[PDB]
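Okay, so we've got a single protein chain in two different forms coming up as structure tokens, structure 1 first and structure 2 after it.
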Structure 1
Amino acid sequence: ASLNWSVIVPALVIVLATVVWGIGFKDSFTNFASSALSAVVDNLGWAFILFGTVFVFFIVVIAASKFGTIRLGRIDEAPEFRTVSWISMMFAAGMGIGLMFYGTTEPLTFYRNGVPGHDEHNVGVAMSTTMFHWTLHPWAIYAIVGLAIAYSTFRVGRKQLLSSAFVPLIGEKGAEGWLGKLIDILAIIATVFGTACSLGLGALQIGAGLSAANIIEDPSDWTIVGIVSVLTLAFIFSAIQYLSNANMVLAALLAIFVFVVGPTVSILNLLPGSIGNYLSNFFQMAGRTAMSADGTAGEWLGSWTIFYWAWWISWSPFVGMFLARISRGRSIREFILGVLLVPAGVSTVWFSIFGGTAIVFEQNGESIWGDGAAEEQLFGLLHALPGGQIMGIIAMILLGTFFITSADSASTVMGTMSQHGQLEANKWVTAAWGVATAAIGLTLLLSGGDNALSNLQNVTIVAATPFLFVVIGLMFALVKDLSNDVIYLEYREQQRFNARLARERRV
């Protein structure tokens, strides 16, 4: 049995090529990234937008059908994790700097400028579209992949790999053929690029925060390299439930502080308004394409919606693998519902607090927009409240933990996929994957410079385009696998044997 180097060599060489290209040819690299972004958006925004909603419909249908009763493993099998631990490690493994970066910038921006098909200065629209971007589509994508891997690995006992879940469509040989290796390579590439995007955004935010805190006058690239090296040493020392709990506690502390000291009643007013507007406008936002607003929503979608849909598909491999790991013995209905609704509620509360505070300030006359730097909005908001100077440090500690709870899980899963789904993989390969993620993030940030944000968005969309089709195909693979279950095999066989009525009619 040959070792799985056919999935290691291509990914390494591709990422090294990307690194050298981004270093030595910054202008050419940026031009190529922009051109690829334009092509991908123009030709596959429809695919992203359509299947974003098809995922949510598919997941609800699966949990409301006969398949919901199944359990992940042998019949009447019991779980191994407590419910509270299960959710605490669900939310903290599939989240990063997304909430901290776009907690304030997103609803405030949509309030100020508006969205296609709607006029500016509409709090309901701002909050509804934020909830759209952060509540049910993103976690439906994770639920589909996690459910597929959990079904493939526990009920059927296959190896813990993405290619395994495709066995019904392609067969065991196909799982071990070129197609399975291609799927694994695509998964690894998507993981690396998604995590690089997250690392870059988080580093930018930490740099802006340190600049605001007056520790540093101007954020230097050397500071970013130092931060990444510190993270490298930290995780290397590490190589988790404790860190997940710490993340939840720190996030709760910061949210509670802002809620108590900010406009409490306005936040609590925005809660029901946010949820109601979200479900009023759910399919009007899901049906938004480049042909809306007389064909003027292309740029907005490429900047906001398609970026998010590609971003959350980049993280689907390693988040889905983790969720499959931590969901042994749970029913399908319980997996799907925990995953889709607990993180959705957390995100709702987070965005309500921070977006509501920002919008209330913008209404009162005080402004935290400033120059419009998306990386300094959080710290501007905090410095607009008493005790912000001490909560900045808690925000920085949280930021750090949000990527260390995920990068830990990205590297572990990437090691797993490179060893035929072994529970533990080579430490050296894990270190190499961590270094690769760091290197990709750093080169993207440096190459982008002024346009670092846009460069990250373009690259993640390009890298995540291939895995959209993998996730689409995995829907059919999961359906076929669930249909062909031991419970219903005999019944469907009886119907198939009763298929002689067609022959009788032809007679």
Structure 2
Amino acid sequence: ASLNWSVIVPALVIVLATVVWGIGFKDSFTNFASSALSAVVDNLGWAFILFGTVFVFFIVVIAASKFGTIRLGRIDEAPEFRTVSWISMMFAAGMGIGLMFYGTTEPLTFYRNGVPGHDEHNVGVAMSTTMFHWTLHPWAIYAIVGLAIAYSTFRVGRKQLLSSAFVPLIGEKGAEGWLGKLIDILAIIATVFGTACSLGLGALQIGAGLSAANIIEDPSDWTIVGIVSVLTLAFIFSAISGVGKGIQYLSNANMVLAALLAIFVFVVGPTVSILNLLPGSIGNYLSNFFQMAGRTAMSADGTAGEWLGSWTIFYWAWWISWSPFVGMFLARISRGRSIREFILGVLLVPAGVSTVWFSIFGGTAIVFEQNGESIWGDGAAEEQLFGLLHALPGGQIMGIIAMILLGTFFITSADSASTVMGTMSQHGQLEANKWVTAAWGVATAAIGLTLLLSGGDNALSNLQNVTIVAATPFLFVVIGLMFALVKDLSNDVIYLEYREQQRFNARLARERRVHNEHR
């Protein structure tokens, strides 16, 4: 119930230093972020690439290897959220602004420029390589972190923290030791920079749309603060205000506005061409899955390092930053699901929705390029979605609807992050003081502004460089959550009696052999 000042103070100091450094000295901060990315991507990029696909293997195995039957709670327990409602709150908190910002930019960018090891103007690899970054590899990080927290919190009954998930690996003395503190600090620093990156990427696109919709003429440096201040003041209140409906209501407004914007483009846009990419993109994704997972800085004659540092290694570092707080939320909602249900509900359902979104939006953008109409414009990634919407008839009203979607796809996740950061500040208490939950909401905004204003002309690169550095320390925490998780699952109360017999029989068999050899 205390404030665990051994976790708040180290996390505040790093956050405050970034705000002072980024805002105070823009030139120095930008150079360090560029230098830090090169060292991280060069000497550590293999870790993201190698372990990014180990998570997918590890999770699928855990969902079939004798543990899919265990239940995240007590035996005979039942889920407190109906399946349809349960799925809605996980994709709303799981996804922020990644289907809006990159829904059109990414599949279109790979169509024009191409991907390393391939040619340009290829719709098979433009779409398949987009599904690679948004279907299984990213959502397998949430399952691993969410499952480790869900099991320890419910089956074993420990505090709601990320250190407690490591009790098997570092014992109970280490959960209160220097390691327990460090694992918890890295979960807040990752979350603050993980959300601040998506706040900065959503403030750019909301401001970009206003120029399109002409509510405003063009974004300015003060406009970004205005958008961030409104977005910050929205999720900060929605998290810590009893008035209004909870996250289960907002999580349902997301899936309604998102389906409104997807159905509009699907119907108005090239329906038949969109429907043809759905099998072609899934078929190309499954045949190229391992070929794409084996792409490193050594691929394409060693020239793919620059591409990976902006597309793959950024996404993997981005999703890992959101895992510490999207794992804790996913744990809260399950409370009764079996390991198989949790794994297959997180891996397959969010992956199916992301497949349809990118074919409706990525397919429309690519189809426009083939036809002759090009929504690329000046190339800015923020302006591409609204250039597509405005091309379609009736897009003026939908351009406005896309803003509410942009704002409401970050509020659902940002508010959950604050309430999840608040519980780490205390000793895993579900109820968090509204002041610490509001204090962390401001921290993401202060970082979100710092990464945007400091970036200047190129604010995307600065927002992406800092995320990769802030997520590298927590990449290893996720790797060590695979070993901690298996130790917990093996030492289950429904396996202790069976494991004791094997320990006894194994000891005797060794004793018989050593004595038998002498005789």
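In this text, rigid core is short for the largest set of C-alphas that superpose within 1.5 Å between two forms. Residue numbering: structure 1 sequence, from 1.
| task | Once the rigid core is lined up, just say which one of 341, 233, 249, 397 has a C-alpha that travels 2 Å or more between structures 1 and 2. | result | Just 233.
| query | So, with the core fitted, how far does residue 76 move at its Cα between structures 1 and 2, in angstrom? | reply | With the cores aligned, its C-alpha sits 1.6 Å away.
| task | Report, to one decimal in Å, how far the Cα of residue 499 moves between structures 1 and 2 once the rigid core is superposed. | result | That residue's C-alpha sits 2.0 Å away in the other form.
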